[PDB]
Amino acid sequence: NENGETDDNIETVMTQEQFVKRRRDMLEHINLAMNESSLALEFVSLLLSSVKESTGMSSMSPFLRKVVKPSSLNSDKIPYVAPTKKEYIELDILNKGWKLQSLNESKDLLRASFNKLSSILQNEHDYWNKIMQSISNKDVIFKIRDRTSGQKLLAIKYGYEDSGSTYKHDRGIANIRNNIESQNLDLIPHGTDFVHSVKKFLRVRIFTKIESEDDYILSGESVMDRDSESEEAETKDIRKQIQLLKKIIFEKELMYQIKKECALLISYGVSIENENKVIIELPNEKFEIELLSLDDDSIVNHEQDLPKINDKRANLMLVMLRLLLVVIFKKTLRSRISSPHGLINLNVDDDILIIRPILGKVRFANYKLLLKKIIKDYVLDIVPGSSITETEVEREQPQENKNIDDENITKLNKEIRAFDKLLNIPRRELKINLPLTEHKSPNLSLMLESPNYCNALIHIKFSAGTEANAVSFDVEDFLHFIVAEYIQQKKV
Amino acid sequence: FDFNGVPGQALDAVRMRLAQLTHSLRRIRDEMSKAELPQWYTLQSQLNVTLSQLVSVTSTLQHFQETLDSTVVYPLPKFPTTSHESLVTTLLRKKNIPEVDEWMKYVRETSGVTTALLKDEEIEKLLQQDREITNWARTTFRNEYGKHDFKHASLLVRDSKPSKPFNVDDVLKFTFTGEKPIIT
Amino acid sequence: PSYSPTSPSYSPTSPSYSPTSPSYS
Amino acid sequence: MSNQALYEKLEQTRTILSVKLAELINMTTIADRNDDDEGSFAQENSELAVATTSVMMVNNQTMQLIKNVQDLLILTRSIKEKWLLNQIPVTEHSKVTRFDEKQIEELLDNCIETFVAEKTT
Amino acid sequence: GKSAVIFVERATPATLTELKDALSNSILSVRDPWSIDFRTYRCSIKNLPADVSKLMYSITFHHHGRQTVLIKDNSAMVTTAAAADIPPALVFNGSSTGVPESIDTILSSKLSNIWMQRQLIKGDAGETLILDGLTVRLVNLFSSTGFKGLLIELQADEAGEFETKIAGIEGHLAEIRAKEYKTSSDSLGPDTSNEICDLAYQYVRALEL
Amino acid sequence: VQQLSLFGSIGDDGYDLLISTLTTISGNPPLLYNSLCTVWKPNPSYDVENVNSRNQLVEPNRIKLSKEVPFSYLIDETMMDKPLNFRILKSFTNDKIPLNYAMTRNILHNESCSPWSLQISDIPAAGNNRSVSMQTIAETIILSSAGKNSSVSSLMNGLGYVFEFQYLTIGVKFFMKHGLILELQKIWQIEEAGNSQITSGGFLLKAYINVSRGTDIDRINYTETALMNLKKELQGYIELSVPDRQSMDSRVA
Amino acid sequence: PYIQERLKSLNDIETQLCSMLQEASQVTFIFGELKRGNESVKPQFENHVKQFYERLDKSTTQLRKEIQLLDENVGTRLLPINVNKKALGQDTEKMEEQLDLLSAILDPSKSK
Amino acid sequence: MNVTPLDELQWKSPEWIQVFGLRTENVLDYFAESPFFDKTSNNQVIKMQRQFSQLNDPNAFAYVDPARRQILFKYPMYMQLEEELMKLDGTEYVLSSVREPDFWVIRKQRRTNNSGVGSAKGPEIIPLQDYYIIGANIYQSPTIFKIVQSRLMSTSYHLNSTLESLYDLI
């Protein structure tokens, strides 16, 4: 109601000729009275007779050039009597009732269009009732003003998306009501389309090129997130709009996958022409997920159900990759809540950035393939009767999950703990392993470390006996060789 | 001693209020031309609402010497300078009405009267007075609205406020010197 | 004190204040 | 704070009370109220200016009345806004944490990892 | 970690290079330059009689961090002027503003009434020579009164037989004609929970005459 | 460092509310913290002039050693337990934690020492009407100690200072926009003859920003604004004001 | 929320004010007939007239009362303390992230 | 039926042939203005009344003046008429004389101004209450302040209310 009363108090109008002619009316009709008040300033020169009279007189530039003190009077106090006593004067007092009557007629007319003007404002009373209904409790009461000016102009209120932690650019929400009793969702860009216009979900897609190593034939399979193509978000229903707001949250989430795109740019795995980036990794040549440096997931396709083993795995990717940047969205807020400056400006060294989509690629590919290859090299030590085992032991030694210890604070401790158990996933370097012998007893051991998908294998070995002898060394070519040297210094 | 002290007793008083309604109109006239932007709907009502008030004081200032001035009725005789360029004198000394007088007729004719004389006219006066007396009835109804009220200091403070746990300044004084906070 | 200078506008081209009738003989 | 906000509303109300009365009472004076009695103190003397009272009354009283209303409709919807500003709503299942909250989650993540990542053990 | 400091009192700018080469064979690598500021604060206190002491020494190292050791009457205090080196917890609960400056700055500017800076020796563009189980540092010491002498800093991981390492280097000094030199590994007595402080400290022993 | 600040207070009554409010304005929870401050004065037995070797008029001042006490050395009851600082402060009102604070000044419970925040402040900026309290602070961090007499007390004596008085403060702080901090705090005098809460009745409210510059009029002027915005935004709820300069002068007194 | 009731009580007081206008508008045109000498509806004039007074006095008590109530709500910890509209976005959203993605990662791992 | 009322035009060219050059000017004004009602003309007619010879019988050392007349001072034949006019209209008191309905003039070069008045006299003061009319090129002006104001004043306001009516903008 207040906003709408303020709108009527903003002079505002978009009229061509209509708006134009009216303001010209003001100019001339106001100017008239301005100019006639200047005859009033001419009566001022009419005084003359005094110096303060001259002051008043200079009122006309023509008085500046018409020197005279000019005028003189006599007495008709009798004529004052005639003005007052005349039958004409009695009658003229009737011109007082007459003009005053027509003024009262005007008054009545103005007054009535006023209650009908309050009736267009009841459209708004209803809109506020509509807003009272629907989206409520926890939710944005963002109050905004646009169309510039800074005062008056256009002003209203609503919620938006990013909040705690900072993606950074073009992130928010803005909401208004149509005459169909439905709410239209503005975004301050992401340009309106009641509960959106066009929506892009993040999407995913994983290909494998095998052919049993036959013709370089690659197929994909994609974990699909489609609630439906049919849209409801009913008019007059903010509850359905709350659902549309949840859709809006998902759209804001895709913006996060844009940061992951950029975080790819720090790696050697596909980004082609600077116009499209493709996620892909060497082994069995396979590909996992995508979204063009142009965008992510934009909706228009045929709809059939068939699945595929690639497809099942692919849904696992999206949730991880998605999840992984909630982590980022979390360790950002750790710093913010925790220390003064704030976190702003996001992932220097692409250390913070890299986590998203960088550690997943690493994880899958590196530790795993390299461990497999280490195992073949450990088959070069496959020769002795022997034995040799792997643990989470390196993993156990650092980066504990859900520990009671906490940090500085009770409030701080909780969030730190939340980070930790999810932190396993983000930390995913290879654990490492060992092998041993007894009978006057010897012992050796190796650790696989991924540092950014590059693989180090650092080993150890001690032969425990009456007098102690030992060596430790920290590349895969040398590892093969070290194993050959170990055979000689072992039993054989 | 040669020529005369003619008139203009409250003339200065008219001039002052003549000017203020000129001054407030003139300024609105200057802005009225920058139709590029209107001054803020508050601003124009501040200037055009005290600019209308200016003409109330200028309206009344006319009646207050109103017996005196119609009686004075000065028409000019002057320097011959006034005679050359002529009109300025016809213009500057002329009272009439504009196209204005006409909606004055529209209004006069809008009333229920015109040529029916004195006895019937005196009666209409008593009748309009009766309308004003039926307007007093507004006084009676205003009593019903019955709305007039007010917004011992100590009596009211107990209800209202107990605010302050201590002296801010003294607290600090202590932290810095070990001077200890005394009763405030 | 009141403003500063006094706003000219002086005018003989206005609507009109004089009528006309006392000619014919 | 609240006090200052209200004071304005009270003033607006007082203004709205004092002007339909001036429209009524000034109606008497506008209609012209020349008194044979010497005591009565309302004036309508000169031509232009006594019917000018009628032109001023129109704009003054009628817009002060309607204006008190426009400002008081602002006042109304202002308080509404104040109330739609909202308060801090606390959690509904607070003290009773929902979802697989715990290390239990550490297990969940390991499952996904082995699932998505390869090797068959 | 063990340590010793050698000061060549009677010397010139060139003495450094003489010893630099007499060791040119016994080298492994040479790391980035180091620096050191050595201040002498004369106390301003007359009320305390000649029965107990005066004088405090202030040693600023550029050992990665702008850290400063104060020494008076065989007691050593360790400070930092580097914002990064602040204990995290002090910053969080507001104890620290996180804006430190040099303890010396404070001394000379805020407690200047109690302490007057008497002497200021600096050692610029020092050289870091790396051997096996013995890091050897070298620098020329300058006052506001000219060259003062040459300085040798000996830091070693190996608590094992540091005694031989010291003796060997003193040999090289006899060769290059380095006569009237002063040496310190402390005096059997202090205890190390933070050894670096003590080592940095000895300097004083070598530069008191 | 330059510390620009505004002060005020609330009774324990207002705390619960103020909290809910402050959390929303800042968007961060309050974070529980504490600190002990030990003040030292020049040894009254020694005596020194007010001039340097560089003829400078230099006045004697107090030194302030500050650091955190882990709450384990501060808190009365586990039953209260919990993580929440405001409900917990009512538990703390009127009276002391274990304290006896002397013990820690010289170790106990053969020893080296902790890190300290060693500070010395000047009276807030002379100003006819300041919009904000602007105060200079000289600080150094002590990292650890060495030598015969390595207890913090010995060290201070060696430098020619004497222990004067001490106090503990516990509160919550809000981390906010452009280095703005809000502390809602309680203060306790610590003496050997028992501990009393200086802030008994409520909380000392401190909103501040430490600025690295001083000589960047711009960032200084920006800082003024920040604090102003706060006082302003909370106007009609709580007045943040400039404390009397005279009340923030740690000089001889 | 349950205050949407108190909100509608004020929006109705708003309709009461639009009646202060609507009613006194008749008072305007009706006093028009009255000074016109035609004493025709003088009783009816009095009626809609005390009615404009009545509507605004009811509105005056009703919004004045509503302001008293808002001050009372402000005094209560039910309404947010004295001050300003600011971000709630950060809170629930940040945590809830997990709850949806975690619940969904549970869902695609085993089902039905 | 319409009136020229609060002074209008002249009577022009009609005694421009008879010729206007002061003194005669006053009489020309008489015909023109349609405003000589009693005394001046009456004085004119009584002398003008004799029309050769019916029967019509009924009774019916220099420098001294009025204060305004002393200020005015008359030059030529109109000065002689002035004596006649005093004679026509003079209520007499001890050191004083008052007039009834005389019409008279004050002038310069191309134009003048004339009044029709009543004088009240005394030793140290004397005032004439009258109507005043200015007269340039066959036109007469008769005007009133307060009437003068109501003029462009009501005009200012009606035009301001046009302005206020135009505030019918959003």
# chains A, B, ... in the order shown; residues from 1 in each chain; ligands from 1

$ residues_around --residues "residue 37 in chain G" --least-positions-apart "3" --cutoff "9 Å" --atoms "only C-alpha atoms" --output "PDB file with N, CA, C and O atoms, in the first residue's frame"
ATOM      1  N   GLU B 124     -33.100  34.997   1.903  1.00  0.00           N
ATOM      2  CA  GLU B 124     -32.051  34.073   1.529  1.00  0.00           C
ATOM      3  C   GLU B 124     -30.854  34.193   2.472  1.00  0.00           C
ATOM      4  O   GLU B 124     -30.254  33.178   2.826  1.00  0.00           O
ATOM      5  N   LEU B 127     -31.590  32.427   5.628  1.00  0.00           N
ATOM      6  CA  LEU B 127     -31.503  31.005   5.275  1.00  0.00           C
ATOM      7  C   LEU B 127     -30.061  30.463   5.206  1.00  0.00           C
ATOM      8  O   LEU B 127     -29.776  29.346   5.668  1.00  0.00           O
ATOM      9  N   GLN B 128     -29.154  31.244   4.626  1.00  0.00           N
ATOM     10  CA  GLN B 128     -27.747  30.853   4.575  1.00  0.00           C
ATOM     11  C   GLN B 128     -27.132  30.850   5.972  1.00  0.00           C
ATOM     12  O   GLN B 128     -26.297  29.997   6.292  1.00  0.00           O
ATOM     13  N   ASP B 130     -28.860  30.175   8.642  1.00  0.00           N
ATOM     14  CA  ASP B 130     -29.392  28.923   9.186  1.00  0.00           C
ATOM     15  C   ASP B 130     -28.552  27.711   8.763  1.00  0.00           C
ATOM     16  O   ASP B 130     -28.365  26.783   9.551  1.00  0.00           O
ATOM     17  N   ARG B 131     -28.040  27.730   7.532  1.00  0.00           N
ATOM     18  CA  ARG B 131     -27.100  26.709   7.076  1.00  0.00           C
ATOM     19  C   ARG B 131     -25.807  26.695   7.923  1.00  0.00           C
ATOM     20  O   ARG B 131     -25.323  25.627   8.306  1.00  0.00           O
TER      21      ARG B 131
ATOM     22  N   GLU G  33     -26.295  20.281  -1.144  1.00  0.00           N
ATOM     23  CA  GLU G  33     -27.749  20.466  -1.132  1.00  0.00           C
ATOM     24  C   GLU G  33     -28.231  21.379   0.018  1.00  0.00           C
ATOM     25  O   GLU G  33     -29.179  22.164  -0.158  1.00  0.00           O
ATOM     26  N   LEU G  34     -27.564  21.287   1.173  1.00  0.00           N
ATOM     27  CA  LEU G  34     -28.022  21.917   2.427  1.00  0.00           C
ATOM     28  C   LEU G  34     -27.984  23.461   2.459  1.00  0.00           C
ATOM     29  O   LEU G  34     -28.952  24.111   2.886  1.00  0.00           O
ATOM     30  N   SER G  40     -34.102  19.516   2.430  1.00  0.00           N
ATOM     31  CA  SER G  40     -34.563  18.164   2.085  1.00  0.00           C
ATOM     32  C   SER G  40     -33.990  17.024   2.934  1.00  0.00           C
ATOM     33  O   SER G  40     -34.753  16.303   3.582  1.00  0.00           O
TER      34      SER G  40
END

$ residues_around --residues "residue 153 in chain E" --least-positions-apart "3" --cutoff "8 Å" --atoms "only C-alpha atoms" --output "ChimeraX atom specification"
/E:3-6,136-138

$ residues_around --residues "residue 136 in chain A" --least-positions-apart "5" --cutoff "9 Å" --atoms "only C-alpha atoms" --output "PDB file with C-alpha atoms, in the first residue's frame"
ATOM      1  CA  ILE A 131       2.264 -12.075  -0.432  1.00  0.00           C
ATOM      2  CA  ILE A 238       3.893 -18.872  -3.584  1.00  0.00           C
ATOM      3  CA  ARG A 239       4.068 -22.480  -2.232  1.00  0.00           C
TER       4      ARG A 239
ATOM      5  CA  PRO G   1       3.103 -17.368  10.110  1.00  0.00           C
TER       6      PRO G   1
END

$ interface_residues --of "chain G" --to "chain A" --cutoff "6 Å" --atoms "only C-alpha atoms" --output "ChimeraX atom specification"
/G:18,21-22,25,28-29,89-90,101

$ write_last_selection --atoms "N, CA, C and O atoms" --output "PDB file, in the first residue's frame"
ATOM      1  N   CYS G  18      -9.887   4.431   3.753  1.00  0.00           N
ATOM      2  CA  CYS G  18     -10.463   4.649   2.394  1.00  0.00           C
ATOM      3  C   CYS G  18     -11.969   4.883   2.430  1.00  0.00           C
ATOM      4  O   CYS G  18     -12.588   5.293   1.422  1.00  0.00           O
ATOM      5  N   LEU G  21     -12.472   8.713   3.610  1.00  0.00           N
ATOM      6  CA  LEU G  21     -12.544   9.422   2.336  1.00  0.00           C
ATOM      7  C   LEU G  21     -13.902   9.235   1.683  1.00  0.00           C
ATOM      8  O   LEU G  21     -14.642  10.213   1.494  1.00  0.00           O
ATOM      9  N   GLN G  22     -14.233   7.982   1.352  1.00  0.00           N
ATOM     10  CA  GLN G  22     -15.514   7.665   0.714  1.00  0.00           C
ATOM     11  C   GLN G  22     -16.717   8.333   1.418  1.00  0.00           C
ATOM     12  O   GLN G  22     -17.594   8.887   0.749  1.00  0.00           O
ATOM     13  N   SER G  25     -16.884  12.277   1.441  1.00  0.00           N
ATOM     14  CA  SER G  25     -17.136  12.703   0.062  1.00  0.00           C
ATOM     15  C   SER G  25     -18.607  13.017  -0.142  1.00  0.00           C
ATOM     16  O   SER G  25     -18.963  13.966  -0.854  1.00  0.00           O
ATOM     17  N   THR G  28     -19.351  16.250   1.620  1.00  0.00           N
ATOM     18  CA  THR G  28     -19.118  17.300   0.631  1.00  0.00           C
ATOM     19  C   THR G  28     -20.359  17.615  -0.247  1.00  0.00           C
ATOM     20  O   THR G  28     -20.869  18.737  -0.227  1.00  0.00           O
ATOM     21  N   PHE G  29     -20.853  16.626  -0.996  1.00  0.00           N
ATOM     22  CA  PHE G  29     -22.006  16.820  -1.905  1.00  0.00           C
ATOM     23  C   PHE G  29     -23.350  17.054  -1.205  1.00  0.00           C
ATOM     24  O   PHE G  29     -24.219  17.736  -1.753  1.00  0.00           O
ATOM     25  N   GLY G  89      20.072 -15.514   4.245  1.00  0.00           N
ATOM     26  CA  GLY G  89      20.392 -16.470   3.185  1.00  0.00           C
ATOM     27  C   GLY G  89      21.488 -17.435   3.577  1.00  0.00           C
ATOM     28  O   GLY G  89      21.390 -18.655   3.357  1.00  0.00           O
ATOM     29  N   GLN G  90      22.531 -16.862   4.175  1.00  0.00           N
ATOM     30  CA  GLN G  90      23.741 -17.581   4.559  1.00  0.00           C
ATOM     31  C   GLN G  90      23.464 -18.822   5.400  1.00  0.00           C
ATOM     32  O   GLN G  90      23.989 -19.895   5.110  1.00  0.00           O
ATOM     33  N   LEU G 101      22.391 -33.134  -1.320  1.00  0.00           N
ATOM     34  CA  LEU G 101      23.367 -33.895  -2.101  1.00  0.00           C
ATOM     35  C   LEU G 101      23.703 -35.227  -1.389  1.00  0.00           C
ATOM     36  O   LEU G 101      23.790 -36.268  -2.056  1.00  0.00           O
TER      37      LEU G 101
END

$ atom_distance --atom1 "CA of residue 480 in chain A" --atom2 "CA of residue 380 in chain A"
7.6 Å

$ atom_distance --atom1 "CA of residue 101 in chain B" --atom2 "CA of residue 133 in chain H"
25.4 Å

$ interface_residues --of "chain B" --to "chain F" --cutoff "9 Å" --atoms "only C-alpha atoms" --output "PyMOL selection string"
chain B and resi 163-181

$ interface_residues --of "chain B" --to "chain C" --cutoff "12 Å" --atoms "only C-alpha atoms" --output "ChimeraX atom specification"
/B:15-27,29-30,85-101

$ residues_around --residues "range 194-200 of chain E" --least-positions-apart "2" --cutoff "9 Å" --atoms "only C-alpha atoms" --output "JSON, numbers by chain"
{"E": [1, 2, 3, 4, 5, 59, 60, 61, 69, 76, 77, 78, 153, 154, 155, 185, 186, 190, 191, 192, 202, 203, 204], "F": [144, 145, 146, 147]}

$ closest_residue --among "H:70, H:59, H:129, H:140" --to "chain A" --atoms "only C-alpha atoms"
H:129

$ atom_distance --atom1 "CA of residue 70 in chain B" --atom2 "CA of residue 53 in chain B"
24.2 Å

$ interface_residues --of "chain E" --to "chain A" --cutoff "12 Å" --atoms "only C-alpha atoms" --output "number ranges by chain"
E: 88-94, 97-98

$ residues_around --residues "range 73-87 of chain D" --least-positions-apart "2" --cutoff "7 Å" --atoms "only C-alpha atoms" --output "list in words"
residues 1, 2, 5 and 141 of chain A; 9, 69, 70, 71 and 89 of chain D; 7, 10, 14, 79, 80 and 85 of chain G

$ decode --residues "range 140-167 of chain B" --atoms "N, CA and C atoms" --output "PDB file, in the first residue's frame"
ATOM      1  N   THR B 140     -21.326  19.860  17.857  1.00  0.00           N
ATOM      2  CA  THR B 140     -21.939  18.769  18.618  1.00  0.00           C
ATOM      3  C   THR B 140     -21.336  17.392  18.254  1.00  0.00           C
ATOM      4  N   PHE B 141     -21.265  17.111  16.952  1.00  0.00           N
ATOM      5  CA  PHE B 141     -20.718  15.837  16.464  1.00  0.00           C
ATOM      6  C   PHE B 141     -19.228  15.680  16.785  1.00  0.00           C
ATOM      7  N   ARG B 142     -18.510  16.806  16.833  1.00  0.00           N
ATOM      8  CA  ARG B 142     -17.081  16.815  17.163  1.00  0.00           C
ATOM      9  C   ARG B 142     -16.850  16.431  18.608  1.00  0.00           C
ATOM     10  N   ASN B 143     -17.764  16.837  19.482  1.00  0.00           N
ATOM     11  CA  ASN B 143     -17.728  16.399  20.871  1.00  0.00           C
ATOM     12  C   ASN B 143     -17.770  14.867  20.977  1.00  0.00           C
ATOM     13  N   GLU B 144     -18.624  14.249  20.158  1.00  0.00           N
ATOM     14  CA  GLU B 144     -18.730  12.784  20.073  1.00  0.00           C
ATOM     15  C   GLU B 144     -17.408  12.117  19.677  1.00  0.00           C
ATOM     16  N   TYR B 145     -16.793  12.590  18.596  1.00  0.00           N
ATOM     17  CA  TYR B 145     -15.472  12.101  18.212  1.00  0.00           C
ATOM     18  C   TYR B 145     -14.603  12.017  19.467  1.00  0.00           C
ATOM     19  N   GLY B 146     -14.810  12.982  20.369  1.00  0.00           N
ATOM     20  CA  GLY B 146     -14.247  12.982  21.718  1.00  0.00           C
ATOM     21  C   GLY B 146     -12.773  12.660  21.782  1.00  0.00           C
ATOM     22  N   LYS B 147     -12.034  13.147  20.788  1.00  0.00           N
ATOM     23  CA  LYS B 147     -10.613  12.857  20.661  1.00  0.00           C
ATOM     24  C   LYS B 147      -9.717  14.063  20.980  1.00  0.00           C
ATOM     25  N   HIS B 148      -9.288  14.140  22.241  1.00  0.00           N
ATOM     26  CA  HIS B 148      -8.285  15.089  22.720  1.00  0.00           C
ATOM     27  C   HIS B 148      -7.638  14.476  23.928  1.00  0.00           C
ATOM     28  N   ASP B 149      -6.303  14.408  23.923  1.00  0.00           N
ATOM     29  CA  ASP B 149      -5.539  13.748  24.995  1.00  0.00           C
ATOM     30  C   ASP B 149      -4.088  14.243  25.118  1.00  0.00           C
ATOM     31  N   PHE B 150      -3.275  13.517  25.889  1.00  0.00           N
ATOM     32  CA  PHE B 150      -1.874  13.890  26.129  1.00  0.00           C
ATOM     33  C   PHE B 150      -0.905  12.710  25.973  1.00  0.00           C
ATOM     34  N   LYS B 151       0.347  13.033  25.635  1.00  0.00           N
ATOM     35  CA  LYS B 151       1.418  12.048  25.451  1.00  0.00           C
ATOM     36  C   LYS B 151       1.880  11.494  26.788  1.00  0.00           C
ATOM     37  N   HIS B 152       4.118  13.655  36.514  1.00  0.00           N
ATOM     38  CA  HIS B 152       5.261  13.304  37.359  1.00  0.00           C
ATOM     39  C   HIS B 152       6.233  12.427  36.626  1.00  0.00           C
ATOM     40  N   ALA B 153       7.423  12.974  36.376  1.00  0.00           N
ATOM     41  CA  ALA B 153       8.462  12.289  35.604  1.00  0.00           C
ATOM     42  C   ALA B 153       8.830  10.947  36.230  1.00  0.00           C
ATOM     43  N   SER B 154       9.059  10.959  37.544  1.00  0.00           N
ATOM     44  CA  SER B 154       9.413   9.763  38.311  1.00  0.00           C
ATOM     45  C   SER B 154       8.341   8.675  38.244  1.00  0.00           C
ATOM     46  N   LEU B 155       7.074   9.079  38.375  1.00  0.00           N
ATOM     47  CA  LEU B 155       5.927   8.171  38.225  1.00  0.00           C
ATOM     48  C   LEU B 155       5.952   7.432  36.881  1.00  0.00           C
ATOM     49  N   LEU B 156       6.257   8.162  35.812  1.00  0.00           N
ATOM     50  CA  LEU B 156       6.302   7.561  34.487  1.00  0.00           C
ATOM     51  C   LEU B 156       7.575   6.767  34.164  1.00  0.00           C
ATOM     52  N   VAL B 157       8.691   7.065  34.832  1.00  0.00           N
ATOM     53  CA  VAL B 157       9.985   6.393  34.542  1.00  0.00           C
ATOM     54  C   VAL B 157      10.049   4.917  34.999  1.00  0.00           C
ATOM     55  N   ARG B 158       9.444   4.624  36.157  1.00  0.00           N
ATOM     56  CA  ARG B 158       9.360   3.256  36.698  1.00  0.00           C
ATOM     57  C   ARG B 158       8.743   2.289  35.682  1.00  0.00           C
ATOM     58  N   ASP B 159       7.560   2.650  35.175  1.00  0.00           N
ATOM     59  CA  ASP B 159       6.871   1.929  34.090  1.00  0.00           C
ATOM     60  C   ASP B 159       7.762   1.782  32.855  1.00  0.00           C
ATOM     61  N   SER B 160       8.376   2.891  32.443  1.00  0.00           N
ATOM     62  CA  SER B 160       9.085   2.975  31.168  1.00  0.00           C
ATOM     63  C   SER B 160      10.460   2.303  31.117  1.00  0.00           C
ATOM     64  N   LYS B 161      11.353   2.626  32.054  1.00  0.00           N
ATOM     65  CA  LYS B 161      12.771   2.245  31.878  1.00  0.00           C
ATOM     66  C   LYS B 161      13.605   2.031  33.154  1.00  0.00           C
ATOM     67  N   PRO B 162      14.476   0.991  33.154  1.00  0.00           N
ATOM     68  CA  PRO B 162      15.482   0.767  34.183  1.00  0.00           C
ATOM     69  C   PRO B 162      16.920   0.832  33.642  1.00  0.00           C
ATOM     70  N   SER B 163      17.089   1.392  32.441  1.00  0.00           N
ATOM     71  CA  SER B 163      18.310   1.236  31.617  1.00  0.00           C
ATOM     72  C   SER B 163      19.657   1.731  32.183  1.00  0.00           C
ATOM     73  N   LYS B 164      20.676   0.885  31.966  1.00  0.00           N
ATOM     74  CA  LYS B 164      22.102   1.043  32.344  1.00  0.00           C
ATOM     75  C   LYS B 164      22.556  -0.006  33.379  1.00  0.00           C
ATOM     76  N   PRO B 165      23.614  -0.777  33.069  1.00  0.00           N
ATOM     77  CA  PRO B 165      24.202  -1.633  34.108  1.00  0.00           C
ATOM     78  C   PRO B 165      25.332  -0.964  34.887  1.00  0.00           C
ATOM     79  N   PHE B 166      25.997   0.035  34.294  1.00  0.00           N
ATOM     80  CA  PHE B 166      27.149   0.721  34.911  1.00  0.00           C
ATOM     81  C   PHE B 166      27.588   1.965  34.123  1.00  0.00           C
ATOM     82  N   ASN B 167      28.756   2.506  34.475  1.00  0.00           N
ATOM     83  CA  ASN B 167      29.387   3.634  33.777  1.00  0.00           C
ATOM     84  C   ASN B 167      30.447   3.181  32.761  1.00  0.00           C
TER      85      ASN B 167
END
